[PDB]
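So that the names make sense, note that chain A is the first sequence line, chain B the second, and so on, each numbered from 1. Quick note: numbers below take in every heavy atom, side chains included, and nothing from hydrogens, waters or symmetry partners. Each ligand, and each atom within it, is numbered from 1 in the order the structure gives.
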Amino acid sequence: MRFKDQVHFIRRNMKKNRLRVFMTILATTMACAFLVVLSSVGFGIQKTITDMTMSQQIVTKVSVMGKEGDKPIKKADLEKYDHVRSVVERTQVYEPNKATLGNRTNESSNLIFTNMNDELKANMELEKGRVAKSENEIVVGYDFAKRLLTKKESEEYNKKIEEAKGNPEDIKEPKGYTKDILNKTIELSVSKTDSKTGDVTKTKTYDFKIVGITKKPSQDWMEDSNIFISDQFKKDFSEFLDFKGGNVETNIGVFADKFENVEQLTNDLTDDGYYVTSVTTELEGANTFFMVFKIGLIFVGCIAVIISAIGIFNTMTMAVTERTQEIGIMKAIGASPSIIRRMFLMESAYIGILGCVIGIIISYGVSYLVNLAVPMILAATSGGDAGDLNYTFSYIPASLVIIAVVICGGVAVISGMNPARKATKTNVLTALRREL
Amino acid sequence: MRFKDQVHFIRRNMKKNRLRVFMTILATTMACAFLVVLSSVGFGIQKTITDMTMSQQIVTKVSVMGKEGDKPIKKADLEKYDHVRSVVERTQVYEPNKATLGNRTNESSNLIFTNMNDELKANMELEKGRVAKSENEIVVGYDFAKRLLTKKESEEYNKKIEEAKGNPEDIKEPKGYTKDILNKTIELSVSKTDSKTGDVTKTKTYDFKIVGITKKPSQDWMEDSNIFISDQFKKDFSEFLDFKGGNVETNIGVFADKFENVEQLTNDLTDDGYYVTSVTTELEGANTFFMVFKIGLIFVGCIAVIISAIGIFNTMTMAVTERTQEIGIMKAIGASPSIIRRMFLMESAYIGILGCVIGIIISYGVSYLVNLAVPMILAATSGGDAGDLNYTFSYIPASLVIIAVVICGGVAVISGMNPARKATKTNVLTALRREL
Amino acid sequence: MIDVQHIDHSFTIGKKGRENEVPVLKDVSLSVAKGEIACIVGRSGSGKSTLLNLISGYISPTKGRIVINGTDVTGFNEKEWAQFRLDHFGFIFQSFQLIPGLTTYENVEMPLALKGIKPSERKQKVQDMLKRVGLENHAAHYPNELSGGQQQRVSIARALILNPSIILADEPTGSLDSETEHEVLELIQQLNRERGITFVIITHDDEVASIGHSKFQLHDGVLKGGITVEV
Amino acid sequence: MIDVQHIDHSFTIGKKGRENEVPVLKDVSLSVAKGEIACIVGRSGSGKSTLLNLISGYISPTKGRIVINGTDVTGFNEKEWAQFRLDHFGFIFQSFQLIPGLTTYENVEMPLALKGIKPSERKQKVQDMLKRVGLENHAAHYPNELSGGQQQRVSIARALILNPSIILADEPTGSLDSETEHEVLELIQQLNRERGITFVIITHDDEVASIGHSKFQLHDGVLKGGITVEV
Ligand SMILES: Nc1ncnc2c1ncn2[C@@H]1O[C@H](COP(=O)(O)OP(=O)(O)O)[C@@H](O)[C@H]1O
Ligand SMILES: Nc1ncnc2c1ncn2[C@@H]1O[C@H](COP(=O)(O)OP(=O)(O)O)[C@@H](O)[C@H]1O
Ligand code: VO4
Ligand code: VO4
Ligand SMILES: [Mg+2]
Ligand SMILES: [Mg+2]
């Protein structure tokens with residue numbers, strides 16, 4: 001009757017039925033732990049995919065390399081399409097330049113005029129530093145410092161490349177500017193030449209502060225000596241020189257907010273006559289593979305919820321149907337059916353909460369253990385360190401814990417309350433006899 | 001006790017305990033069905049990835065664009081690397097040609113000299129037909145037939161192109177040879193030209209039987225008019241307009257068996273000085289992501305086996321521990337503990353086999369239903385574009401059914417035999433009292 | 001006061017389809033006055049336990065009317081019947097119907113908890129009741145750590161602990177020796193005299209049936225009885 | 001022949017650590033001749049069921065020696081004890097220990113299946129046994145669907161179905177009226193006379209104790225009966 005009496009008698013029956021109580025707590029615990037651990041692998045996969053989308057530009061890139069009915073491509077209209085995270089137009093100019101840090105000068109750098117806000121929005125891949133925000137701030141490639149050579153090392157390089165020749169397999173490249181090129185100022189000098197004058201005419205230098213270093217190229221054989229100037233200096237460089245054809249290679253890239261929007265974006269630009277290559281054009285069926293993978297994740301989560309709920313339901317139905325005779329005795333003594341149902345609701349809620357708590361603790365422990373072990377397995381099976389990926393194997397959000405606890409505890413409560421309800425509904429002698 | 005008597009009494013007790021027997025059968029059935037359905041989603045993902053690898057060929061391509069210490073790259077030494085399913089060297093020649101099917105001629109087709117066996121081993125992407133196997137047979141591109149044009153529409157095309165005057169948007173390309181270009185024969189005429197004579201010198205034609213059509217490039221705009229001739233037909237087009245390197249472009253692609261070996265292959269070529277790209281350098285950590293996904297699949301399968309085994313264990317332990325008093329009565333009457341254990345082994349094996357059979361039937365039904373439904377979900381969510389992957393959402397191998405049945409039935413047998421053994425080992429009064 | 005009026009009860013057994021009928025009670029009429037011990041004697045399987053289960057509402061009669069303390073209890077649902085049993089009824093079960101997970105003490109104190117009897121007073125009540133049935137030393141025992149007669153006396157103590165207006169005793173001395181049975185009979189007679197508790201005692205013992213103010217014979221589902229012994 | 005020799009038995013109960021002993025039997029010696037009905041009487045809770053459970057090997061004595069038919073049965077494992085019980089023992093249980101999932105027929109028939117007699121030759125045996133205990137019409141009933149005395153007679157019939165050399169009856173008439181109990185006593189005496197079955201009958205009834213050739217009193221855990229007189 002009194003709540004304290006109900007707790008007392010539930011506790012005493014629990015103490016004398018340790019195997020049954022352990023079976024039910026184990027069912028709820030294993031259901032909760034399995035749900036959280038499985039969905040945490042799913043959440044870690046989703047987090048890894050999202051992190052790859054942030055890091056690698058190629059995932060969400062839709063390169064625009066022309067248009068049907070040849071007309072100039074306007075960057076402004078490319079952002080009109082939906083799910084366009086950024087549009088990066090790079091005006092790659094191969095004209096000579098004289099970026100100098102003082103005693104050491106650079107010649108092989110390639111100018112790239114790009115909107116820095118677009119590069120920041122497109123998640124420009126940088127090894128160190130951040131994308132330029134102001135106008136004079138610039139980003140340079142991974143090999144820009146390596147190309148900074150004084151006259152002495154330049155002469156050594158010329159001698160080593162022209163006297164030796166033969167097989168250039170092993171030529172000692174100068175270390176260049178081994179120091180921190182980041183947060184330093186260079187002097188960019190551009191010459192006009194032209195056949196009309198036939199020599200170096202008026203020349204002007206710009207004071208550019210390196211703030212970012214682009215990502216190291218995929219393989220060592222790729223040289224990234226690019227230097228990125230904001231498009232606000234495009235007007236100045238047009239007033240200075242005419243970069244029209246010959247040594248200009250525009251690279252337009254339309255970025256998607258998510259990979260799942262890449263296929264739709266590519267189709268949108270294709271049916272507007274843009275010559276676009278994306279991940280979904282290079283890999284046929286990439287979007288539908290991602291879609292069937294997400295459908296599989298959802299279906300796996302659903303059948304996992306089903307197996308967890310079925311396990312809890314089986315164990316709790318068995319356990320409470322083993323108490324039918326006790327419910328009959330209590331009803332015979334004078335316990336109201338509502339009191340008996342409240343006691344069994346308290347018992348099933350306690351079993352569910354204890355099992356959910358233990359399962360959540362086990363889930364966090366297993367998540368910690370697998371997030372430690374997966375790097376170990378990867379190192380064991382790398383065979384050469386493999387590639388460099390920032391992955392989450394198992395990731396437990398708080399929402400996942402909430403949903404798993406709600407599902408498993410609710411199933412425990414309902415499955416412990418159904419047999420109790422039907423035992424309180426029947427006549428006493430039916431329960432005293434354990435049904436027919 | 002005769003076997004027939006044991007079966008009879010097991011059946012009678014099963015008939016009077018329908019809820020308990022149903023709970024155990026449901027536990028075994030849901031365990032088996034969950035194991036098979038989940039692992040079938042995993043097997044279907046593996047099958048989809050294998051089919052993508054077998055068809056796309058961009059997945060396993062490691063294209064070699066050069067070598068450090070410039071030396072002529074040899075295909076024979078490239079196959080010496082491990083896990084190389086093929087090495088396709090394509091000698092793309094842009095020299096003039098006169099591929100003619102009769103009244104219609106072709107000029108824009110680009111000759112490609114490649115080892116036909118290598119193309120077959122590399123899974124050459126064909127829309128229709130098969131890769132050339134003989135010296136005479138050739139494979140042509142998707143747009144080769146559409147480029148077969150007679151002068152009648154050639155004049156219209158020329159005037160339409162010239163009359164656009166900066167607006168080639170509305171240009172009606174002739175439909176060309178809309179008939180079945182497959183299994184036909186063309187006349188490939190190659191001229192000598194050269195500046196020493198300044199005109200058309202001796203000319204020779206060849207009868208080439210088209211057997212294959214290369215895959216239609218996605219996104220349109222890509223006029224694949226290539227024609228592929230075997231490398232055993234070499235120098236027969238080189239004696240006319242020898243390959244000075246001005247137009248001849250070589251495309252070497254080292255293919256791997258399975259994507260798992262693409263990263264190892266790319267690293268292998270890279271440490272040997274080759275300038276390779278492949279997928280694992282375009283996408284950083286791609287092999288790592290695939291390995292983490294495989295580890296996740298294994299871990300998910302393991303925890304699924306654990307949850308299914310735990311559910312069977314819970315239900316069967318509960319059910320047989322509810323039989324402890326009956327086992328005590330059996331032992332008291334004179335039933336040998338071995339006879340009681342054999343009866344409970346028969347009951348557990350029957351429950352496990354029935355549950356495994358029902359779960360396998362449910363697994364095949366669910367697999368059929370989800371393989372029907374996933375195309376429907378794909379049509380609903382992304383509209384109608386799911387005709388470019390050829391995925392298998394759920395795939396049940398026979399080995400999976402065998403393993404799941406063995407696991408679930410064995411867990412049923414051991415979980416129903418452990419409490420029975422405990423009850424038979426104790427003294428009779430302990431079981432008659434349902435422990436102390 | 002128990003007023004069983006023209007009570008017919010049957011049971012249905014067998015698999016679905018071919019179902020048999022077990023006519024147990026036919027036109028059974030039993031009137032027990034307030035503060036009277038009615039003893040129901042009959043052969044094994046005559047329906048005496050069925051009659052007590054009908055009186056206590058453990059089963060509903062196939063037809064007939066049961067009126068207890070003036071209130072028609074046929075047609076009570078489980079909630080109404082449970083409240084009525086807590087208020088008026090103590091039941092001594094033939095199989096003693098003890099809760100396996102509770103000790104002797106907790107079994108006897110369960111109805112006191114159900115009635116809200118303030119555990120401090122419950123301690124003394126259960127101690128005195130256990131001493132009255134000779135179970136003072138077995139309070140910590142579980143039912144499976146008791147003799148059959150000790151479990152019987154736990155059932156007796158659980159039924160008598162609330163001092164109900166009606167005690168339905170189903171063979172309450174069948175597992176007891178003569179001395180323990182005499183002690184239980186003396187306790188029953190003391191409760192009948194002092195608290196005025198109405199007893200309906202099924203018994204196979206002539207000594208137990210002799211303590212009743214009335215005797216009722218169950219034979220082939222017919223309660224002949226009709227005799228009020230002058231004690 | 002039962003030879004219980006200086007049998008001490010105690011029970012251990014309580015939470016782990018705070019375990020207390022329950023001395024039940026002290027130096028109990030019981031000799032039952034072959035073909036003799038020994039009746040063990042005693043107050044409820046004196047250890048009579050404990051004594052029968054020791055004789056049948058349901059529990060092992062704390063100390064002492066049980067010798068049945070000349071073979072030392074203390075030290076038997078579960079397999080040895082089960083074979084010995086099937087060969088020599090029938091047990092009538094105080095709580096009747098019927099299998100809930102079997103009918104009356106299947107319950108009585110189970111010992112014959114365990115002895116593997118014949119399913120066809122089992123029909124006549126179980127039918128005759130059920131008729132001898134007045135349960136011909138209840139063969140299809142489950143123990144759920146039986147009276148306490150009918151379940152008692154199912155236990156009696158299951159114990160007597162194999163005609164064992166020893167029947168350990170734990171209060172085999174406590175749930176029976178005088179007529180049914182007299183029929184059961186007559187059946188017991190017929191089996192003792194004809195098959196020479198040794199009976200050890202715990203009873204609280206004077207008539208049942210009177211049918212015995214031996215009487216043993218259990219008081220304070222001591223079997224001070226030592227009664228063996230001619231008939
Ligand atoms: N649940 C049931 N189903 C079918 N028959 C039953 C059930 N319970 C009792 N019976 C039958 O009803 C008759 C009277 O039962 P009961 O009142 O328990 O006997 P008693 O008079 O010995 O107490 C018995 O023959 C018994 O077989
Ligand atoms: N499993 C057990 N644990 C502890 N004590 C027990 C157990 N079984 C019986 N007893 C105690 O042993 C004493 C004798 O028991 P028992 O032989 O069953 O009684 P009876 O002589 O009435 O048949 C009783 O007082 C009882 O409380
Ligand atoms: O088992 V006893 O208390 O009936 O003698
Ligand atoms: O068969 V009955 O319940 O009178 O003992
Ligand atoms: Mg009865
Ligand atoms: Mg006893």
Side-chain angles (χ1 to χ4, degrees), chain A residues 328 426-436, chain B residues 16, chain C residues 4 7-15 19-26 28 30 39-56 58-62 91-97 148 152 155 168-175 200-205 208-209 216-224, chain D residues 94-96 98 100 103-105 107 130 133-157 171-181 183-184 205:
Chain A
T426 54
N427 56 283
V428 160
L429 200 61
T430 297
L432 290 182
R433 290 177 327 115
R434 309 184 133 108
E435 298 311 278
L436 259 295
Chain B
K16 276 293 302 212
Chain C
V4 159
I7 280 287
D8 312 285
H9 188 74
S10 312
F11 286 112
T12 45
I13 37 161
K15 210 194 303 187
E19 282 218 24
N20 321 73
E21 207 71 29
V22 192
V24 179
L25 300 178
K26 288 140 266 299
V28 163
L30 167 68
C39 284
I40 291 167
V41 297
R43 291 194 91 191
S44 305
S46 61
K48 315 186 276 322
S49 293
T50 297
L51 183 59
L52 254 47
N53 297 338
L54 292 165
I55 296 163
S56 52
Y58 297 167
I59 59 200
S60 182
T62 301
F91 207 95
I92 302 161
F93 298 83
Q94 214 198 330
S95 74
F96 325 130
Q97 292 295 334
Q152 177 135 69
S155 194
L168 306 179
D170 209 340
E171 273 145 74
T173 52
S175 286
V200 187
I201 302 174
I202 297 160
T203 183
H204 294 305
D205 194 54
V208 181
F216 294 87
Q217 247 277 331
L218 207 46
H219 203 294
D220 296 314
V222 186
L223 206 48
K224 217 76 93 213
Chain D
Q94 224 203 314
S95 74
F96 325 130
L98 303 186
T103 57
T104 293
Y105 186 100
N107 261 298
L130 289 185
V133 298
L135 288 171
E136 334 80 10
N137 302 335
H138 294 90
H141 292 231
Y142 289 88
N144 272 352
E145 306 147 14
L146 294 172
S147 318
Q150 303 190 334
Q151 299 176 61
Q152 177 135 69
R153 279 174 289 161
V154 178
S155 194
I156 293 156
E171 273 145 75
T173 53
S175 285
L176 305 179
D177 62 287
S178 265
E179 282 201 49
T180 311
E181 166 220 273
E183 296 159 357
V184 160
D205 197 50

Approximate separation, where rounding is to 0.5 Å, of [X] [atom1] and [Y] [atom2]:
{"X": "C:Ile7", "Y": "C:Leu54", "atom1": "CD1", "atom2": "CG", "result": "6.0 Å"}
{"X": "C:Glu171", "Y": "C:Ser155", "atom1": "CD", "atom2": "OG", "result": "12.0 Å"}
{"X": "D:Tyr142", "Y": "D:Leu98", "atom1": "OH", "atom2": "CG", "result": "13.0 Å"}

(request) Anything with a heavy atom under 4.0 Å from ligand 1 counts, so go ahead and list those protein residues by chain and number. (result)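 Ligand 1 is contacted, at a heavy-atom distance under 4.0 Å, by A:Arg433, C:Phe11, C:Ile13, C:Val24, C:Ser44, C:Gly45, C:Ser46, C:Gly47, C:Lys48, C:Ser49, C:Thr50, D:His138, D:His141, D:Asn144, D:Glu145, D:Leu146, D:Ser147, D:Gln150.
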(message) D:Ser175 vs D:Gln151, test: side chain to side chain contact (heavy atoms under 4.5 Å, CB included). Steps then yes/no.
(response) CA-CA 9 Å; D:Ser175 285; D:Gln151 299 176 61; over 6 Å; no
Side-chain heavy-atom pair [X], [Y] within 4.5 angstrom cut-off:
{"X": "C:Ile59", "Y": "C:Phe11", "result": "yes"}
{"X": "D:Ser147", "Y": "C:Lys48", "result": "no"}
{"X": "A:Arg433", "Y": "D:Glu145", "result": "yes"}

Would you mind running through ligand 4 and noting each atom that sits below 4.0 Å from a heavy atom of [X]?
{"X": "D:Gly148", "result": "1 (O), 3 (O)"}
{"X": "C:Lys48", "result": "4 (O)"}
{"X": "D:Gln150", "result": "1 (O)"}
{"X": "C:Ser44", "result": "1 (O), 2 (V), 4 (O)"}
{"X": "C:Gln94", "result": "2 (V), 3 (O), 5 (O)"}

(message) Could you go through C:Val22 and D:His141, starting from their C-alpha distance and side-chain angles, then the distance that decides it, and tell me whether this counts as side chain to side chain contact (heavy atoms under 4.5 Å, CB included)?
(response) CA-CA 10 Å; C:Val22 192; D:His141 292 231; 4.0 Å; yes
(request) Among all protein heavy atoms, pick the one closest to atom 1 (O) of ligand 4 and tell me residue, atom and distance. (result)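 The closest one turns out to be D:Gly149 N, 2.7 Å.
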(request) Give the residue and atom name of whichever protein heavy atom lies nearest to atom 5 (O) of ligand 4, and the separation in Å to one decimal. (result)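 Scanning the protein heavy atoms, the shortest distance from atom 5 (O) of ligand 4 goes to D:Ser175 O, 2.7 Å.
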(message) Checking C:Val41 against D:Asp177 for the side chain to side chain contact (heavy atoms under 4.5 Å, CB included) test, could you report, in this order, the C-alpha distance in whole Å, the side-chain angles of both residues, the deciding distance, and whether it holds?
(response) CA-CA 8 Å; C:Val41 297; D:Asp177 62 287; over 6 Å; no
(message) Applying ring pair (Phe, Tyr, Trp, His ring centres under 6.0 Å), can you list everything that pairs with C:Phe93, at least two apart in sequence or on another chain?
(response)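 With neighbours one apart ignored, the set is C:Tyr58, C:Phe91.
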(message) Using a 3.5 Å cut-off on N or O atoms only, is C:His204 in polar contact with ligand 4?
(response)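 So ligand 4 has an N or O lying under 3.5 Å from an N or O of C:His204.
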(request) Just jot down the salt bridge (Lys or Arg N to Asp or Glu O under 4.0 Å) partners of C:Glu21, sequence neighbours excluded, or say none. (result)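 C:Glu21 satisfies salt bridge (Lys or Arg N to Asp or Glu O under 4.0 Å) with no residue once adjacent residues are dropped.
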(request) For the Mg ion (ligand 5), count the protein N, O or S atoms found under 2.8 Å away. (result)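 Under the 2.8 Å cut-off, the count stands at 2.
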(request) Verify side chain to side chain contact (heavy atoms under 4.5 Å, CB included) between C:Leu223 and C:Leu218, making sure each step is shown before the conclusion. (result) CA-CA 5 Å; C:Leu223 206 48; C:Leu218 207 46; 3.6 Å; yes
(message) What I want to find out is whether D:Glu183 reaches C:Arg43 closely enough, with some N-O distance under 4.0 Å, to be called a salt bridge.
(response) yes
